[PDB]
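Converting from the sequence shown to the entry's author numbering requires adding 2 to each position, the first position being numbered 1.
C-beta: ideal position from N, C-alpha, C; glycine also.
Step one of this worksheet: look at the structure below.
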Amino acid sequence: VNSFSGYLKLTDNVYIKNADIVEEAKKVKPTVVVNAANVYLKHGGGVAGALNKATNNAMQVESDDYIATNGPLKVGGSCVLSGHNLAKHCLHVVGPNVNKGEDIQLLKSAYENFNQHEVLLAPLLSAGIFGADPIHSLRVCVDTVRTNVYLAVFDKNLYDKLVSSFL
Ligand SMILES: OC[C@@H]1CC2(CCCCC2)CN1c1ncnc2[nH]ccc12
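Encoded structure:
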C-alpha cells in the first residue's frame with residue numbers, strides 16, 4: 003500500500019493519471035521519481051526543466067558535478083542521483099531523441115532502467131522535444147517495465163486518448 007491517489011490501473015504493474023509529475027512528486031514524495039533527461043543532464047524544459055526548477059536548481063548543480071566526474075550518459079541509459087525536495091532519489095533516464103535521428107529501439111532500453119527499482123513515479127519517455135509518439139511510448143512501457151510504475155501524463159487530451167486506446 004502506497005500514497006499514490008487517483009491512478010487508473012492499466013495492467014498488473016502499470017498505473018496512469020492525468021497529472022504534472024512535479025506536483026505528484028511534491029505531494030507523494032515517492033522513493034523514486036524519473037526524470038526524462040538528455041545525455042548531458044542539462045535540465046532545460048519539459049519534465050527536466052520543471053523538476054529542476056522545483057529543486058531551486060539544486061538538481062542542476064548536482065548534475066553538473068556528476069557530469070564532471072563521470073562524463074555523459076548513453077542514450078537509453080540512466081543514473082541515480084538525489085531527489086532533493088521532491089523524492090528520495092531521482093532516476094535520470096535518457097530516451098532516444100527521434101528529432102536527433104536517434105534509434106526508437108533505444109526507448110525499450112531506456113524503460114529497462116525502471117526494472118532496477120521496485121516502485122517509481124515516472125513520465126512517458128521520449129515525448130516532447132524528443133519527438134516520439136506518446137501512444138507508442140506507453141506500449142513500450144507496458145511491455146518492458148515489470149516493477150510498479152505510476153505514470154503522470156501532463157496533457158489531458160493525450161491522457162484521455164491514451165486511456166481510451168489499445169485492444
Ligand atoms: O512525456 C513527457 C511529457 C510530455 C510533455 C507535455 C505534453 C506534450 C509534450 C511535452 C511534458 N511531459 C510531462 N509529463 C508529466 N509531468 C510533466 N510536468 C512538466 C512536464 C511534464
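1. Taking all protein chains shown into account, decide if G73 is buried (16 or more other Cβ within 10 angstroms of its Cβ) or exposed.
2. Does the region 16-28 come close enough to the region 99-109 to have 3 or more Cβ pairs within less than 8 Å?
3. Between the Cα of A89 and the Cα atoms of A154, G103, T149, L123, which residue gives the shortest distance?
4. Note down the Cα distance separating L160 from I18, rounded to an integer number of angstroms.
5. May I ask you to verify whether the region 33-42 touches the region 74-89, counting CB pairs closer than 8 Å and requiring at least 3?
6. How would you call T57, buried or exposed, if buried means at least 16 neighbouring beta carbons within 10 angstroms?
7. If you run the structure through DSSP and keep just helix, strand and coil, what is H94?
8. Please name the residue or residues paired with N59 in a DSSP beta bridge.
9. Quick check on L93: buried or exposed, where buried means 16 or more other Cβ atoms within 10 Å of its Cβ?
10. Tell me whether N20 sits in a helix, a strand or coil according to DSSP, three-state version.
11. Quick one: Cα of residue 2 to Cα of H138, how far?
12. Under 7 Å: does the beta carbon of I23 sit that close to some heavy atom of ligand 1?
13. Would you check if the distance between the CB atom of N15 and the CB atom of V151 is smaller than 8 Å?
14. Do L164 and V155 have their CB atoms nearer than 8 Å?
15. May I have the straight-line CA-CA distance separating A129 from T149, to the nearest angstrom?
16. Can you list, in chain order, the residues of its chain with a C-beta nearer than 7 Å to that of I69? Leave out the 5 residues immediately preceding and following it.
So, to answer that:
1. Locating residue 73 in the sequence shown gives position 71, counting from the first residue. Answer is exposed; the Cβ neighbour count stays below 16.
2. Touching, no.
3. Taking the sequence shown and counting its residues from 1, the one referred to as residue 89 is at position 87. Of the candidates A154, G103, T149, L123, the one whose C-alpha sits nearest the C-alpha of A89 is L123.
4. Position 158 of the sequence shown, counted from the first residue, corresponds to residue 160. Position 16 of the sequence shown, counted from the first residue, corresponds to residue 18. In a straight line, the C-alpha of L160 is about 12 Å away from that of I18.
5. yes
6. Indexing the sequence shown from 1 puts residue 57 at position 55. The residue in question, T57, is buried, as its Cβ has 16 or more Cβ neighbours within 10 Å.
7. As a working note, residue 94 is residue 92 in the sequence shown. Of the three classes helix, strand and coil, the one that applies to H94 here is strand, per DSSP.
8. Within the sequence shown, the letter at position 57 stands for residue 59. The partner list for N59 (beta bridge, DSSP) is empty, contrary to what the question assumes.
9. Position 91 of the sequence shown holds residue 93. So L93 ends up on the buried side.
10. In the sequence shown, counting from the first residue as 1, residue 20 sits at position 18. The answer is strand: DSSP assigns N20 an E or B state.
11. The structure shown has nothing for residue 2, since the chain only spans 3 to 169.
12. As a working mapping, residue 23 is identified with position 21 in the sequence shown. In this structure, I23 has its beta carbon less than 7 Å from a heavy atom of ligand 1.
13. On the sequence shown, position 13 is the one that residue 15 refers to. On the sequence shown, position 149 is the one that residue 151 refers to. The answer is yes: Cβ separation under 8 Å.
14. As a working note, residue 164 is residue 162 in the sequence shown. As a working note, residue 155 is residue 153 in the sequence shown. Yes, the Cβ-Cβ distance between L164 and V155 is below 8 Å.
15. Here the question's residue 129 lines up with position 127 in the sequence shown. Here the question's residue 149 lines up with position 147 in the sequence shown. Each residue's alpha carbon lies about 21 Å from the other.
16. Taking the first residue of the sequence shown as 1, we reach residue 69 at position 67. Cβ neighbours of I69 beyond the five flanking positions: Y42, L43.
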